[PDB]
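Colleague: As input, take target-v5.pdb (PDB, C-alpha atoms and all ligand atoms):
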ATOM      1  CA  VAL F   6      -5.478   0.093 -33.399
ATOM      2  CA  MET F   7      -8.398   1.106 -31.188
ATOM      3  CA  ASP F   8      -8.745   4.797 -30.359
ATOM      4  CA  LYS F   9      -9.225   4.819 -26.570
ATOM      5  CA  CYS F  10     -10.664   7.885 -24.836
ATOM      6  CA  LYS F  11      -8.817   7.242 -21.561
ATOM      7  CA  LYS F  12      -5.116   6.748 -20.933
ATOM      8  CA  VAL F  13      -3.257   6.588 -17.629
ATOM      9  CA  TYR F  14      -0.883   9.511 -17.146
ATOM     10  CA  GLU F  15       2.361   7.534 -17.182
ATOM     11  CA  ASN F  16       4.560   8.017 -14.109
ATOM     12  CA  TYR F  17       2.253  10.598 -12.550
ATOM     13  CA  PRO F  18       2.970  11.257  -8.854
ATOM     14  CA  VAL F  19      -0.041   9.609  -7.224
ATOM     15  CA  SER F  20       0.327  11.918  -4.214
ATOM     16  CA  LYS F  21      -1.145  14.657  -6.424
ATOM     17  CA  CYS F  22      -4.442  12.748  -6.532
ATOM     18  CA  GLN F  23      -5.003  14.305  -3.084
ATOM     19  CA  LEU F  24      -5.131  17.795  -4.659
ATOM     20  CA  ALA F  25      -8.423  19.098  -6.024
ATOM     21  CA  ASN F  26      -8.398  19.441  -9.825
ATOM     22  CA  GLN F  27      -4.697  18.577 -10.071
ATOM     23  CA  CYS F  28      -4.933  15.487 -12.297
ATOM     24  CA  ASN F  29      -7.404  17.367 -14.509
ATOM     25  CA  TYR F  30      -5.111  20.399 -14.702
ATOM     26  CA  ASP F  31      -1.986  18.366 -15.498
ATOM     27  CA  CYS F  32      -3.783  16.178 -18.064
ATOM     28  CA  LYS F  33      -5.126  19.207 -19.924
ATOM     29  CA  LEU F  34      -1.903  21.240 -19.832
ATOM     30  CA  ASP F  35       0.714  18.492 -20.154
ATOM     31  CA  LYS F  36      -1.102  16.115 -22.504
ATOM     32  CA  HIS F  37      -3.591  18.345 -24.341
ATOM     33  CA  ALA F  38      -6.316  16.130 -22.873
ATOM     34  CA  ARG F  39      -9.916  17.249 -22.580
ATOM     35  CA  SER F  40      -9.980  16.350 -18.865
ATOM     36  CA  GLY F  41      -8.540  14.036 -16.270
ATOM     37  CA  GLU F  42      -9.360  12.555 -12.901
ATOM     38  CA  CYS F  43      -7.898   9.995 -10.556
ATOM     39  CA  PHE F  44      -9.473   6.539 -10.505
ATOM     40  CA  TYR F  45      -9.159   3.513  -8.267
ATOM     41  CA  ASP F  46      -8.147   0.368 -10.140
ATOM     42  CA  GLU F  47      -9.405  -3.123  -9.255
ATOM     43  CA  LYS F  48      -6.986  -3.305  -6.301
ATOM     44  CA  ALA F  49      -7.899   0.244  -5.166
ATOM     45  CA  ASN F  50      -4.602   1.746  -6.293
ATOM     46  CA  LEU F  51      -5.051   5.293  -7.559
ATOM     47  CA  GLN F  52      -3.968   6.492 -10.993
ATOM     48  CA  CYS F  53      -4.388   9.813 -12.756
ATOM     49  CA  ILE F  54      -6.252   9.065 -15.998
ATOM     50  CA  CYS F  55      -6.506  11.562 -18.817
ATOM     51  CA  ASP F  56      -9.489  11.684 -21.148
ATOM     52  CA  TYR F  57      -9.161  12.734 -24.788
ATOM     53  CA  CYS F  58     -12.886  12.637 -25.607
ATOM     54  CA  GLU F  59     -15.778  15.075 -25.235
ATOM     55  CA  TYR F  60     -18.955  14.148 -23.339
TER      56      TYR F  60
HETATM   57 NA    NA B   1     -10.853  17.419  -8.468
END
Could you show the structure in this file as structure tokens?
Ligand code: NA
Modeller:
Amino acid sequence: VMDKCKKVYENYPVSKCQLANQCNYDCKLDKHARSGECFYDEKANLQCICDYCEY
């Protein structure tokens, strides 16, 4: 099974993508991620995506 650096934060309240650093904060605290940010998908719907890799 491929190890993927990024994973959508399941069921995250997208409204929080409006808050600076909030997806990053919640990814790191709630998921032990290295970081997180919100991203627009191909239809421009926002999702909070956690990142488990270092850069
Ligand atoms: Na931010």
Colleague: For the file shown, what are the residues hit by the PyMOL selection byres (((chain F and resi 13) around 8) and not hetatm), laid out as a VMD selection string?
Modeller: chain F and resid 11 to 12 14 to 15 52 to 55
Colleague: On this file, the PyMOL selection byres (((chain F and resi 42) around 8) and not hetatm) gives some set of residues; write that set as a PyMOL selection string.
Modeller: chain F and resi 26+28-29+40-41+43-44+53-55
Colleague: When you count only C-alpha atoms and all ligand atoms, which of these residues is closest to ligand NA 1 (chain B): F:35, F:51, F:58, F:27?
Modeller: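 Of F:35, F:51, F:58, F:27, the one nearest ligand NA 1 (chain B) is F:27, counting only C-alpha atoms and all ligand atoms.
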Colleague: Using atom CA of residue F:22 and atom CA of residue F:45 as the two end points, give the distance in Å to one decimal.
Modeller: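 Going from atom CA of residue F:22 over to atom CA of residue F:45, I get 10.5 Å.
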Colleague: For residue F:57, list every protein, DNA or RNA residue within 6 Å, evaluated using only C-alpha atoms, and leave out those in the same chain fewer than 2 positions away; present the list as number ranges by chain.
Modeller: F: 10, 38-39
Colleague: Counting only C-alpha atoms, which of F:6, F:37, F:50, F:32 gets nearest to residue F:19?
Modeller: F:50
Colleague: Report, in Å to a single decimal, how far apart atom CA of residue F:59 and atom CA of residue F:9 are.
Modeller: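 So the two atoms, atom CA of residue F:9 and atom CA of residue F:59, lie 12.2 Å apart.
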Colleague: To one decimal in Å, tell me the separation between atom CA of residue F:33 and atom CA of residue F:8.
Modeller: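 Between atom CA of residue F:33 and atom CA of residue F:8 the gap is 18.2 Å.
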Colleague: So, counting all atoms listed in the file, which residue among F:49, F:24, F:34, F:7 is closest to ligand NA 1 (chain B)?
Modeller: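 Of F:49, F:24, F:34, F:7, the one nearest ligand NA 1 (chain B), counting all atoms listed in the file, is F:24.
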Colleague: Choose the residue, out of F:30, F:60, F:17, F:48, that has the smallest atom-to-atom separation from ligand NA 1 (chain B); count all atoms listed in the file.
Modeller: F:30
Colleague: Write out N, CA, C and O atoms for stretch 24-37 of chain F, as a short mmCIF file (atom, residue, chain, number, x, y, z; two decimals), in the frame of the given file.
Modeller:
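Wrote it out as out-v5.cif, contents follow:
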data_model
loop_
_atom_site.label_atom_id
_atom_site.label_comp_id
_atom_site.auth_asym_id
_atom_site.auth_seq_id
_atom_site.Cartn_x
_atom_site.Cartn_y
_atom_site.Cartn_z
N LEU F 24 -4.94 16.38 -4.40
CA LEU F 24 -5.13 17.80 -4.66
C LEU F 24 -6.30 18.01 -5.62
O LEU F 24 -6.33 17.44 -6.72
N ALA F 25 -7.25 18.83 -5.20
CA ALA F 25 -8.42 19.10 -6.02
C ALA F 25 -8.00 19.62 -7.39
O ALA F 25 -7.20 20.55 -7.50
N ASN F 26 -8.56 19.02 -8.43
CA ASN F 26 -8.40 19.44 -9.82
C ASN F 26 -7.01 19.21 -10.38
O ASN F 26 -6.75 19.60 -11.52
N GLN F 27 -6.08 18.61 -9.63
CA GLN F 27 -4.70 18.58 -10.07
C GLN F 27 -4.48 17.61 -11.24
O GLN F 27 -3.79 17.96 -12.21
N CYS F 28 -5.04 16.41 -11.17
CA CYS F 28 -4.93 15.49 -12.30
C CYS F 28 -5.58 16.08 -13.54
O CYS F 28 -5.02 16.00 -14.64
N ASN F 29 -6.75 16.71 -13.38
CA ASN F 29 -7.40 17.37 -14.51
C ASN F 29 -6.51 18.46 -15.10
O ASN F 29 -6.28 18.51 -16.32
N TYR F 30 -5.97 19.32 -14.25
CA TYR F 30 -5.11 20.40 -14.70
C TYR F 30 -3.91 19.86 -15.47
O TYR F 30 -3.61 20.31 -16.57
N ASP F 31 -3.20 18.89 -14.88
CA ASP F 31 -1.99 18.37 -15.50
C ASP F 31 -2.29 17.61 -16.79
O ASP F 31 -1.53 17.69 -17.76
N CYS F 32 -3.39 16.85 -16.83
CA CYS F 32 -3.78 16.18 -18.06
C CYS F 32 -4.02 17.18 -19.18
O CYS F 32 -3.57 16.99 -20.31
N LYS F 33 -4.78 18.24 -18.89
CA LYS F 33 -5.13 19.21 -19.92
C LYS F 33 -3.89 19.96 -20.38
O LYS F 33 -3.61 20.04 -21.59
N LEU F 34 -3.07 20.45 -19.45
CA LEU F 34 -1.90 21.24 -19.83
C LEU F 34 -0.81 20.37 -20.43
O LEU F 34 -0.23 20.71 -21.48
N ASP F 35 -0.46 19.27 -19.75
CA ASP F 35 0.71 18.49 -20.15
C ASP F 35 0.44 17.58 -21.33
O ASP F 35 1.37 17.28 -22.10
N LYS F 36 -0.79 17.11 -21.50
CA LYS F 36 -1.10 16.11 -22.50
C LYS F 36 -2.09 16.61 -23.54
O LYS F 36 -2.47 15.84 -24.43
N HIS F 37 -2.53 17.86 -23.46
CA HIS F 37 -3.59 18.34 -24.34
C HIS F 37 -4.87 17.51 -24.23
O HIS F 37 -5.67 17.43 -25.17
#
